[PDB]
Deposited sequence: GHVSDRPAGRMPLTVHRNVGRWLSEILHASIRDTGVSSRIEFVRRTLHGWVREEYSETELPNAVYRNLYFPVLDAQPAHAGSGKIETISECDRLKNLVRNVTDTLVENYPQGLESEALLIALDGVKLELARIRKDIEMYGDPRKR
């Protein structure tokens, strides 16, 4: 059994992932990992809920409700959003290769935000 997150929680996670994407269009290390997490979760939520509880029309609009990271404030804001998503996944899904894949991808987002922040601090403006 895969485990399950409530629909309201999926909704919150989808919103946070979209916010990170909107901020990272020009940072493909970040965006490609977020897209992976989003596409994975879009797949899972369909499996966790019947068509009766979650109609196609409502489903197809939950993770896909139808850009350069260059400031410290932006690294911090994104790190916080990543923490929100990671904490939520850890709270709701069992330890296993399925969830590990997402947690590793989210950690790699943090590795990118860390590299960016470091570059700003050393080579950017006071």
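- Several segments of the deposited sequence are absent from the coordinates, namely 1-6, 73-82, 143-145.
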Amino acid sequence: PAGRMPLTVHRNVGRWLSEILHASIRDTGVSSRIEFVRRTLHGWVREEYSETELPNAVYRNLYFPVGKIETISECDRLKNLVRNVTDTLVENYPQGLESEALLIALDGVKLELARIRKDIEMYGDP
From here on, numbers count along this sequence of modelled residues.
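- Averaged over their C-alpha atoms, the temperature factors of 89-97 and 56-64 are higher for 56-64.
- Taking the mean C-alpha B-factor of each stretch as recorded, 39-47 and 67-75 are not equal, and the higher mean is that of 67-75.
- Per the PDB entry, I25 shows the highest C-alpha temperature factor of the residues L17, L113, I25, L102.
- Per the PDB record, residue ranking by Cα B-factor puts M5 in the highest third of the chain.
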